[PDB]
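Each chain carries a letter (A, B, C and D) given by its place in the written order, and its residues are counted from 1.
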Amino acid sequence: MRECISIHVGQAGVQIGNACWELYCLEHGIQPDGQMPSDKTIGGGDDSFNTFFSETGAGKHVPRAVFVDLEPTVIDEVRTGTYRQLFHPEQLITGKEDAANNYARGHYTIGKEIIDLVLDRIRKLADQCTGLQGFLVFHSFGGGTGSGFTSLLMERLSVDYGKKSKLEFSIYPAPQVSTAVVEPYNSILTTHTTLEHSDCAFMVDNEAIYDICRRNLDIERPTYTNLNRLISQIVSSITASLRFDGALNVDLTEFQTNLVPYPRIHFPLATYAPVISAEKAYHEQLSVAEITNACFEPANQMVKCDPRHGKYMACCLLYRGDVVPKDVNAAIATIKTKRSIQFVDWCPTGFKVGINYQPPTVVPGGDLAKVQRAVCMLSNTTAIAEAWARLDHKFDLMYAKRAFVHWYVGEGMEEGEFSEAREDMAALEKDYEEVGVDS
Amino acid sequence: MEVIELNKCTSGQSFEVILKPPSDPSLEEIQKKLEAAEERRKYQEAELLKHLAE
Amino acid sequence: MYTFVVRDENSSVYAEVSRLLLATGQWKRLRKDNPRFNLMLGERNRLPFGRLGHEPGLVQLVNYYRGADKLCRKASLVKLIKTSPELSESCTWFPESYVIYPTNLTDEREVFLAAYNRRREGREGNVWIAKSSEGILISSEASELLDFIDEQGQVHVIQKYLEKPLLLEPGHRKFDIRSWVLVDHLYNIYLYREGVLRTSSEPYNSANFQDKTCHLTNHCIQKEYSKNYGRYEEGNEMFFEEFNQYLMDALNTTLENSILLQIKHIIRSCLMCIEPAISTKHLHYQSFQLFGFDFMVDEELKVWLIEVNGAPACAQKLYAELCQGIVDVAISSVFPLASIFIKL
Amino acid sequence: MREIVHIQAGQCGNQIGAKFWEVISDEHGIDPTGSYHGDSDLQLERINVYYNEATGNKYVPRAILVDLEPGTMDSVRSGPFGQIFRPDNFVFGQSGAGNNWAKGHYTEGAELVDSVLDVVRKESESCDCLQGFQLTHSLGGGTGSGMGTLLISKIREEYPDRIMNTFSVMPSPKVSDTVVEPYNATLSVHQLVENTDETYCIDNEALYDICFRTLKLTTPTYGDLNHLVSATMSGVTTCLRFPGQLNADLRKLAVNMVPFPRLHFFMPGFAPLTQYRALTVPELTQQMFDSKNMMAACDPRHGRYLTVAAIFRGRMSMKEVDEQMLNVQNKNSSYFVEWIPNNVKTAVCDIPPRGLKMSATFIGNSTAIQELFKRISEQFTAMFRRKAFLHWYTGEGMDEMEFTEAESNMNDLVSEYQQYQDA
């Protein structure tokens, strides 16, 4: 058994992390006070769920997690929330003044003053691991903390844990649910600085989650609470392989081996089905073929883009619930003959499949209906480059006039860092184009 | 349509289907960047204080 | 009020559509780079499809289908027809064709020669035409065809030349049929009821493939090199009413029975084949597009597809009706205000 | 804890400031004695932003009242909520400033400024985490204009990393006390260009027109003008004072509204402008973007919006709010710059202001504000070309060169706006 440490940075990271750990506790039968009656090895064990939870002599199962934010209001809700007893104070780190949506403030001005405290709290968790695999890092692109402090932390983690893997869950900015305007700057700046330190990053576009919540959950105006419950279901689908017995994606290294042949192109597209409204009286349960086919509908993707006009490098299918291999193969064969699924020439046209028999857990009194089977597809397609193109174009519009740049220079950042970061993104867009397009 | 590497446990199973075969900065360098930005903040503040002193 | 942007100034069709949109008092034209548009009349090349459908609260529509180039490039069309089971290499309405990359650059050289030799030994007519996306060479010798492509730099297609075309009388002259087809956001396929024959004004001469004026029917070639330009019909353009009346008087048949049934069949086959790859049914933005299909007719009244043009112009006397039709079926169907097509 | 320190200077500044505290005291359920008597814990959640807690659940405004003559602050201390302010926070002299920027900034004000900073320091030292400062004043007088901008400069020297926002009443010949108002305002504007992060430009002419043309008041008083400012200030500070979708401090709010450091002068607006028929969301949205609801007497159709924020208050449909904002932007598509994507943002707060079921407050960063500075510059030059009324200023030690420089500075500001209006 090898442990994983989760790090939640900024408002988006903290609130998503709070939703995930609630869901983890429900999936593993862990009560809010930390007790887990089904764990017969009191104060110990190296079961699969122990990769995410340590144990005290009193039988409390403690998340291997650190929450970091530069102002206290969001983390204070963890301290006083339903699962307050789960965490101890050392895991919850708060500053006094936030980064004001300013990457330079989160990375240079405030980051410099808190980075050593955050590493010491992480070191404490690492000293409790017999074989640390690495880290899972949750954050927004658009926040000053989520962007600026995350990239500083990732740099130092590469230094202090050179051999350890680092995965990201990154919230990509959507104007529909944001009151900021400088987020394209923060996104390009943090991606540039983090690219070489992240082994595999799962981007979630708030626009996609927002529209899934309106379209499939019949929520007229989704809130962050609605969005985070859905995101936490997808995150759980992705991390379940680390927390349960199995043979696919059993350690962090396997994510890169299975999903990222090209180190810079390490942004897999996530697709999830089915998303069903709990308010619905009764829903006819979808079959393996139907939920699998739904994995190739843009309407169910975590990032809106058209995989028909890109190429695949890898595809993983992660099923939960009443699913057997025979029905997966039957569904795949059918979809190959009806869908546009082009792989790159230097990769096998195939699917790695993982099935966990436990159906998705839902938060009681939530928006998601209980289903008998669900699936999350992780595919590394060049089509996700559309999301970089959108972001880079917004960056270019503002930077040509140097709009808002003075806020960053005022915190000690140099203008050259903007153009350096934008040129890295331009090279990234070219890498995607070389991999996925024919002349 | 070949199924390979089929593994089965009580919690589930996993396998692979093949439809067709194919054809860092150091601690010192980070500190320098952080201290260089802090020094630019100091210089810009010193210029402001000079302006206000005039 | 609805909003739209214009990004292809060289489009005669959508310059007129733009005109009609304003004259409704309910459409406003924005600057070409304004992202808060309802309708984009996009550029021909490198249209930024990846930036469409991400403006909150706006329904966005574009006048091109992403991926339709597969049908509207000469080498792409050959590959699509050969590799698509719906169409297959036994496709009866598409002339035998082969993709040939210049040697200074997969390729089907040896497959073309294999069929070329089979025709020569069998006494069968062995005239082929090389073309790409001037730039045309009609020859009965494979050596002159492969040497012409090597001097170029882009991919070319060698295609069996229709040696026995239907010839209009008087004149003994060749022609081709242009059909305009509109595909809306629901992937309804609308065939404009009015087509045009681009006629040659020089008598067809099967003994001289060197003078490419009675063999090439392009309007530009006739206007510059043909000394009989405009002799029989204005601008070498014959329309369906006259052509139908000719088929009745000369061949005792109708345009619908002898030709249009095959045209409708071919249009439907091509567009249904590519539908899963380009449909915007469940996309965050929606597409429509106007297509120009070019057809040849042989002396047995068999119709052959020659090419599909993804950015076609229209006949001068047909701009008014067709462009209004685009507004009615393609635009106002998505943005309603306050038939000239045949639905296939 | 995101404390804000409030300062009000001079006659206009103290009269508008007093109304501001009456309005928000009512919203937070604080009575004239500083005791809470609300019905909702929402009223106390962010009470600390503007109030200090004393013994016995007493809430004292974090407010500093400044003037160079005692008259207006005697009126405040006798006003409705006059007893709510900390007596130690009244700082005043006796000589007055004679509507003279030089007296406020260089002579009379210089003698009093140190005692004001002493109070400011005491209020700041007891802040857990100071957000920044807000100042209410006019630009056409002597104390608010001259001593107010002197205060801002000394606060920036002592607290250079803190946000400084001002609600600044711009003079108009149609609602004027003295002919030297353009001199005082031109001298002050340059100080604000350098030393504030946001300046809400409140034109007394716009306030007058609204009272006369829209509210149907044949003879508006300064009180009627100040009711509009009070209501606008309540809406502008709503997201700081009540829980909602926004959790931004002053710095984050300014980051997303100010793309260039000198172009931080905002056109504020409010709807409904003072009836028992509650407004529909479409009506709120149309009126708040209407020039007639603006308070800077600048036509937005004459320039371009760099950024816009609008906050809606009351129980209403978020979906319909979103729908209506989309409708307003297409009608004004030509009046938003295209190189700041998504530059129109909205927020909702469930708690409506007193006497209204719903309302909306508008904050526009528009290049049309250059019309306001052009007006002032013209009136300045009409007198300065003849050196008229200058002896009032040279008599306090100023020389003509400082007027020449202030004139050049504001013509540069106007030019900078015109540059981005054509970008």
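To be clear about the criterion, a residue touches a chain if its C-beta (ideal position, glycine included) is under 8 Å from a C-beta of that chain, and two chains touch if they have at least 3 such contacts.
Geometrically, the chain at the heart of the complex, using CA-atom means, is A. The geometric centre of chain A is 13 Å away from that of chain B, both derived from CA atoms. Taking each chain's centre as the mean of its C-alpha atoms, chain C lies 64 Å from chain D. With centres set at the average Cα position, the gap from chain B to chain C is 50 Å.
Between the Cα centres of chain A and chain D there is a gap of 42 Å. Of all residues in chain D, those touching 2 or more other chains are 322, 338, 341-342, listed in ascending order. Residue positions of chain C touching 2 or more other chains: 56.
Residue positions 175 of chain A are each in touch with at least two other chains.
Pairs of chains that satisfy the touch definition comprise A-B, A-C, A-D, B-D, C-D. Against chain B, in their complex, chain A makes its touches with residues 104, 108-109, 111-112, 152, 155-156, 158-159, 162, 196-197, 244-248, 325, 328-329, 332-333, 336, 343, 345-358, 410-414.
Residues of chain D that touch chain A in their complex: 128-129, 245-249, 251-252, 255-256, 258-261, 306-307, 309, 317-319, 322, 338-343, 345-347, 420, 423. Those residues of chain D that touch chain B in the shared complex are 153, 156-157, 160. On the chain D side of its complex with chain C, the touching residues are 322-323, 326, 329-331, 333, 338, 341-342. Within the complex, the chain A residues that touch chain C are 175-176, 207, 297-299, 304-306, 308-309, 338-340, 385-386, 389-390, 393.
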